[PDB]
Trainee: 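Please see the structure below; I have some questions.
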Amino acid sequence: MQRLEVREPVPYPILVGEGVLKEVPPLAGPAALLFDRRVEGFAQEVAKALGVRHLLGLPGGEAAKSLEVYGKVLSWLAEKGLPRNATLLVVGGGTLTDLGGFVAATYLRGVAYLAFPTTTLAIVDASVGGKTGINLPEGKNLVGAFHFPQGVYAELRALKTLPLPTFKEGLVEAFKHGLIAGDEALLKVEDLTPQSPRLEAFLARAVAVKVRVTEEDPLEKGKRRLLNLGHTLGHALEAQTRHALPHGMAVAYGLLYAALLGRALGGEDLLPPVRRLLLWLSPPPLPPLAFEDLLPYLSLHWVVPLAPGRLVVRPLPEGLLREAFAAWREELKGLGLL
Amino acid sequence: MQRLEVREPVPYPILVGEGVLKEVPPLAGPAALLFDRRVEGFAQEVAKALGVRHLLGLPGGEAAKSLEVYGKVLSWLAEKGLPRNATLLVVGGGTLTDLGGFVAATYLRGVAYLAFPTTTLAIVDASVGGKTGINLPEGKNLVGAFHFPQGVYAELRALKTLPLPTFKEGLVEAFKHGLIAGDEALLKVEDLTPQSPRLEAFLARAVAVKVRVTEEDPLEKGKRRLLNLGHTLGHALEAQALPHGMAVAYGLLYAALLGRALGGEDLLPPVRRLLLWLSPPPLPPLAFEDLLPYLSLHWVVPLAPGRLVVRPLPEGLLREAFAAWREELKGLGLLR
């Protein structure tokens, strides 16, 4: 059992291990539990352990982050007459905490919520930052609220039913933290599996990195925007694929590009670690893409890793980006991913 | 021109007077304006003065506070591609700033907004507190956020076209503020009209009372709960067709009677004056048990102007006051 603490701007604990439910403070008021149908078993266990009687299951995925589902959940809470001192428990992956956290942030203008992440991405990325929200037809994550959980409880026994590709997506984000913090341990993922006995320590280490970066720079004028490493190209790829390409996979591809930008700017060679990551990850092959058709999805500042723990944020000559994209394509073609 | 300042928890100015638009700091970035379609003339004036090109007209009442409208406004903003540094200008009454402030609170997780109230109630009650939100089929104001405006600019010229009943509703809340703070000036409303040159100072005085109480009691463990004076019976009357302003006035009469029964001074005279001047719609016949289903509960009881207490009350005392309440209304030609 690993216990981490977020101190600012609002304090709360993050537990990662087996038997996290025993660590949850008993509820002091009414409650309701929202869960991804995929993990109903665990959801019912959470409910039984804490005495929660109101439960609502929802399909996970991006469809859950919509105005329709948002309205449905709010009316569900209203119907039961849940008061302002109620607590909303959310069991599921990133989409569930995004939706559930936003519902908590706005129901009666705000109620407490507890997060029980059931995916690696939710553990590594959604546990810190307070970002919640939903999508609109005009775009992803355009409506939301910064609302922090009262606690995060990651039951590792829940990760065992997680599809391997999804399990690995989260490890990519941890890898990213490794490059940002300069933590070599977070770059070691090739052996990790839902059963890996060293997984608990690895995940706790991954979360600890986002906690530090976030508290040192709450204004995103420093280290905090380093979390966007590999996201500029990643975002563009997700958009071009109509979002068929999973977020974690897009990030992995973006990390390779970032590594190439760093190399061109005289940084240390970071291609080996990233190549390893990509082979282990086995990301889905990409559709043909030209630099000219990229610009649309891309004034702009890129997070460039010159060395683990040593990164810079700055604009780059189009000629450099063009050069890197060409090398990026070859790097992928030489792997069959393009 | 009156300039009030809210300091905590988030600072912003509240301007009340004629020519408030010149007081608005030039917009630093992109902007969009949401307005009650009934006051389009003023909205256009606001837009033209500040250089806003994106304008969206909406219903001006509770109808605007639906998940549907909320969703439509958000997509409209996204459609125009407004960034995180954009400013939303909201022109209308309380319901418009409820909706608009909630949209501003959640679009891109939060953007700045400026409020341009067009009613007396909005000026007296919505300029402080940061309360924003919408309704659900299951009940009003069940979804929302505390999001404070970057500034409130109340153009008194916009009040000239306001229907008298509505105009007086906001004055009732000012009167309520008078009883809370013990300010006799706020009890003198009878001569006020949309054109009273005296109105500006009156409204500013009323607003200042709410600023005071809210900044002195953030957690609402003291003076802040006094803002509910008259709303217990008032809400009961509504939740049992009757407009907010009118219900509150009736609630103030009941509160005055409670105070009388709890060893207070006689506060009935000022309230009778208010009710006679207000001329609220007469009330249909009713008995205590009809409202009881809405009356553990802590009442705001005025013992003297500026001297109120918050406490639970015995049903016996409540019944006694209600009987006196009915007889008072008969004498004012508002019942039976």
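By convention in this document, chain letters (A, B, ...) are assigned in the order of the sequence lines, proteins followed by strands, and residues within each chain are numbered from 1.
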Trainee: If you define the side chain from C-beta out and look only at heavy atoms, does anything of A:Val46 sit under 4.5 Å from A:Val52?
Mentor: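 No, side chains not in contact.
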
Trainee: With sequence neighbours left out, which residue pairs that include part of residues 111-135 of chain A fulfil the salt bridge (charged side-chain N to carboxylate O under 4.0 Å, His left out) condition?
Mentor: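 Non-adjacent pairs meeting salt bridge (charged side-chain N to carboxylate O under 4.0 Å, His left out): A:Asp125-A:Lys210.
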
Trainee: If you compare all heavy atoms of A:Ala174 against all heavy atoms of A:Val124, which two are closest, and at what distance to 0.1 Å?
Mentor: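 Result for this residue pair: N-CG1, 3.8 Å.
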
Trainee: Do the side chains of B:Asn85 and B:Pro30 get nearer than 4.5 Å, heavy atoms only?
Mentor: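 Counting from C-beta outward, B:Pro30 and B:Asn85 do come under 4.5 Å.
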
Trainee: Between OG1 of A:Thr166 and CG of A:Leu159, what distance do you get to the nearest 0.5 Å?
Mentor: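 A:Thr166 atom OG1 to A:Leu159 atom CG measures 11.0 Å (nearest 0.5 Å).
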
Trainee: Look up atom CG in A:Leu186 and atom NZ in A:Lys188, then write down how far apart they are to the nearest 0.5 Å.
Mentor: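 The CG atom of A:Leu186 sits 12.0 Å away from the NZ atom of A:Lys188.
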
Trainee: Output all residues satisfying salt bridge (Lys or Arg N to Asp or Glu O under 4.0 Å) with A:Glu169, sequence neighbours left out; order by chain, then residue number.
Mentor: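 With sequence neighbours excluded, A:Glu169 shows a salt bridge (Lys or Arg N to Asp or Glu O under 4.0 Å) to no residue whatsoever.
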
Trainee: Can you list everything that forms a ring pair (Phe, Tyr, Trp, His ring centres under 6.0 Å) with A:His177? Sequence neighbours excluded, please.
Mentor: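 Result, ring pair (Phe, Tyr, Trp, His ring centres under 6.0 Å) vs A:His177: none returned.
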
Trainee: Got a list of side-chain donor-acceptor pairs under 3.5 Å for residues 270-286 of chain A, not counting sequence neighbours?
Mentor:
| unit_1 | atom_1 | unit_2 | atom_2 | d |
| --- | --- | --- | --- | --- |
| A:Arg275 | NE | A:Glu331 | OE1 | 3.2 |
| A:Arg275 | NH2 | A:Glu331 | OE2 | 3.1 |
| A:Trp280 | NE1 | A:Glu190 | O | 3.1 |
| A:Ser282 | OG | A:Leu279 | O | 3.4 |

Trainee: To check you understand the geometry: which heavy-atom pair defines the closest contact between A:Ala154 and A:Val20, and what is its length?
Mentor: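 Heavy atoms only, the tightest pair is O-CG1, 3.3 Å.
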
Trainee: At what distance, to the nearest 0.5 angstrom, does CD of A:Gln240 lie from CG of A:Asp293?
Mentor: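 A:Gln240 CD to A:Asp293 CG: 7.5 Å, rounded to 0.5 Å.
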
Trainee: Please check if the number of heavy atoms outside B:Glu68 that lie under 6.0 Å from its CD is greater than 12.
Mentor: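 At most 12 heavy atoms, drawn from other residues, nucleotides or ligands, come within 6.0 Å of this atom.
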
Trainee: Tell me which one of A:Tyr113, A:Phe102, A:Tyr12 satisfies ring-ring contact (aromatic ring centres under 6.0 Å, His included) with A:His147.
Mentor: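 With A:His147 as partner, A:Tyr113, A:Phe102, A:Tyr12 yield a single ring-ring contact (aromatic ring centres under 6.0 Å, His included), made by A:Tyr113.
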
Trainee: Going through the distances and angles, do A:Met249 and A:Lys168 end up as a side chain to side chain contact (heavy atoms under 4.5 Å, CB included)?
Mentor: CA-CA 9 Å; A:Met249 299 303 189; A:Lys168 296 191 172 180; 5.6 Å; no

Trainee: With a 4.5 Å heavy-atom cut-off, do B:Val103 and B:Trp76 have their side chains touching?
Mentor: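 Counting from C-beta outward, B:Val103 and B:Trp76 never come under 4.5 Å.
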
Trainee: What donor-acceptor contacts under 3.5 angstrom involve side-chain atoms of residues 231-238 of chain A, with partners at least two apart or in another chain?
Mentor:
| unit_1 | atom_1 | unit_2 | atom_2 | d |
| --- | --- | --- | --- | --- |
| A:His231 | ND1 | A:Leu229 | O | 3.0 |
| A:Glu238 | OE1 | A:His247 | ND1 | 3.2 |
| A:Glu238 | OE2 | A:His247 | ND1 | 3.4 |

Trainee: Quick one: do A:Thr193 and A:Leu199 satisfy side chain to side chain contact (heavy atoms under 4.5 Å, CB included)? Show the steps, please.
Mentor: CA-CA 7 Å; A:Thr193 77; A:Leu199 180 62; over 6 Å; no

Trainee: How close do A:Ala181 and A:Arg212 get, counting heavy atoms only, and between which atoms?
Mentor: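 Nearest pair, atom of A:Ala181 first, then A:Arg212: CB-NH2, 4.0 Å.
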
Trainee: Please collect all ring pair (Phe, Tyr, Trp, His ring centres under 6.0 Å) contacts where either partner lies in residues 150-169 of chain A, sequence neighbours excluded, each pair once.
Mentor: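 Passing the test, one end in residues 150-169 of chain A: A:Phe116-A:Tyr153.
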
Trainee: Check for a donor-acceptor pair, side chain of A:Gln2 on one end and backbone N or O of A:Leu15 on the other, with a separation under 3.5 Å.
Mentor: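 No: the side chain of A:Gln2 does not pair with the backbone of A:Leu15.
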
Trainee: Step by step, would you call A:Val91 with A:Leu96 a side chain to side chain contact (heavy atoms under 4.5 Å, CB included)?
Mentor: CA-CA 7 Å; A:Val91 187; A:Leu96 254 296; over 6 Å; no

Trainee: Distance from A:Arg225 atom CZ to A:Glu220 atom CD, nearest 0.5 Å?
Mentor: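 If I round to the nearest 0.5 Å, the distance is 8.5 Å.
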
Trainee: Classify the ring geometry of A:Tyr253 against A:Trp328: parallel below 30°, tilted from 30° to 60°, perpendicular beyond 60°.
Mentor: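 Answer is perpendicular, since the angle exceeds 60°.
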
Trainee: In Å and rounded to the nearest 0.5 Å, what is the OH to CG distance from A:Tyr107 to A:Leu77?
Mentor: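 One finds 5.5 Å between OH of A:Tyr107 and CG of A:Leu77.
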
Trainee: Is A:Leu99 close to A:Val90 at the side-chain level, that is, under 4.5 Å between some pair of heavy atoms?
Mentor: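 A side-chain contact under 4.5 Å is absent here.
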
Trainee: Which pair of non-hydrogen atoms, one from A:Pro287 and one from A:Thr241, has the smallest distance, and what is that distance?
Mentor: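 That closest heavy-atom pairing would be CD-CG2, 4.2 Å.
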
Trainee: So does A:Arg224 get a backbone contact from the side chain of A:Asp217, meaning a donor-acceptor N/O pair under 3.5 Å?
Mentor: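 Yes; at least one donor-acceptor contact below 3.5 Å.
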
Trainee: Which atom names give the shortest non-hydrogen contact between A:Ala324 and A:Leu260, and what distance separates them?
Mentor: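 Taking A:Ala324 first and A:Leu260 second, the nearest heavy atoms are O-CD1, 3.9 Å.
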
Trainee: Under 4.5 Å between any side-chain heavy atoms of A:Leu265 and A:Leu306, yes or no?
Mentor: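 Yes; the side chains approach each other to less than 4.5 Å.
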
Trainee: A side-chain contact here means heavy atoms from C-beta on lying under 4.5 Å apart; do A:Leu33 and A:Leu50 qualify?
Mentor: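 In short, these two side chains do not touch, never coming nearer than 4.5 Å.
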
Trainee: Could you give all pairs that pass the salt bridge (charged side-chain N to carboxylate O under 4.0 Å, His left out) test and reach residues 308-323 of chain A, with sequence neighbours left out?
Mentor: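 Pairs touching residues 308-323 of chain A that pass the test: A:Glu292-A:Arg322, A:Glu318-A:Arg322.
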
Trainee: Ignoring hydrogens and angles, tell me if any N or O in the side chain of B:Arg109 forms a donor-acceptor pair with the backbone of A:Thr132 under 3.5 Å.
Mentor: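 Present.
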
Trainee: Treating A:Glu155 as the side-chain partner and A:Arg157 as the backbone partner, does any N or O pair qualify as donor plus acceptor under 3.5 Å?
Mentor: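 The answer is yes, because a donor-acceptor pair under 3.5 Å joins these two groups.
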
Trainee: Got more than 12 heavy atoms from elsewhere within 6.0 Å of NZ, A:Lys221?
Mentor: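 No.
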
Trainee: Is it the case that over 12 heavy atoms from other parts of the model lie below 6.0 angstrom from the NZ atom of A:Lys223?
Mentor: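 For A:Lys223, atom NZ is not crowded (no more than 12 foreign heavy atoms under 6.0 Å).
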
Trainee: Identify the heavy atoms of A:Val111 and A:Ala86 that sit nearest to each other, and give their distance.
Mentor: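 So the two residues come closest at CB-O, 3.6 Å.
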
Trainee: If we only count heavy atoms from C-beta on, is the A:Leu226 to A:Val213 side-chain gap below 4.5 Å?
Mentor: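 SC-SC contact between A:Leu226 and A:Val213 ruled out.
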
Trainee: Among all residues two or more places apart in sequence or in another chain, which pass the side chain to side chain donor-acceptor pair (under 3.5 Å) test with A:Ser75?
Mentor: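 Counting only residues at least two positions away or on another chain, A:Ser75 forms a side chain to side chain donor-acceptor pair (under 3.5 Å) with B:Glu138.
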
Trainee: Going by salt bridge (charged side-chain N to carboxylate O under 4.0 Å, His left out), name the pairs with one or both residues in residues 247-265 of chain A, residues two or more places apart or in two chains.
Mentor: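 Not a single pair qualifies under salt bridge (charged side-chain N to carboxylate O under 4.0 Å, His left out).
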
Trainee: Can you tell me if A:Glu184 has over 12 outside heavy atoms packed within less than 6.0 Å of its CD?
Mentor: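 No - once you tally the heavy atoms of other residues, nucleotides and ligands closer than 6.0 Å, there are 12 at most.
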
Trainee: How many angstroms lie between atom CG of A:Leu114 and atom CD of A:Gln150, to the nearest 0.5 angstrom?
Mentor: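 These two atoms lie 5.5 Å from each other.
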
Trainee: Do A:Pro117 and A:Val152 come within less than 4.5 Å of each other through their side chains, counting heavy atoms only?
Mentor: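 A:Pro117 vs A:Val152: side chains touch.
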
Trainee: Side chain to side chain contact (heavy atoms under 4.5 Å, CB included) with A:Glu40: which residues, sequence neighbours excluded?
Mentor: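 For A:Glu40, the residues satisfying side chain to side chain contact (heavy atoms under 4.5 Å, CB included) (neighbours in sequence not counted) are A:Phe35, A:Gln44.
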
Trainee: Does anything in residues 193-205 of chain A form a salt bridge (charged side-chain N to carboxylate O under 4.0 Å, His left out)? List the pairs, not counting sequence neighbours.
Mentor: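 Passing the test, one end in residues 193-205 of chain A: A:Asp183-A:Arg205, A:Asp191-A:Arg198.
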
Trainee: Going through the distances and angles, do A:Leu156 and A:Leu203 end up as a side chain to side chain contact (heavy atoms under 4.5 Å, CB included)?
Mentor: CA-CA 10 Å; A:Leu156 301 180; A:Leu203 288 176; 3.8 Å; yes

Trainee: Show every side chain to side chain donor-acceptor pair (under 3.5 Å) that has at least one partner inside residues 87-106 of chain A, sequence neighbours left out.
Mentor: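 Found A:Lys65-A:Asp98, A:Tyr70-A:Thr106.
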
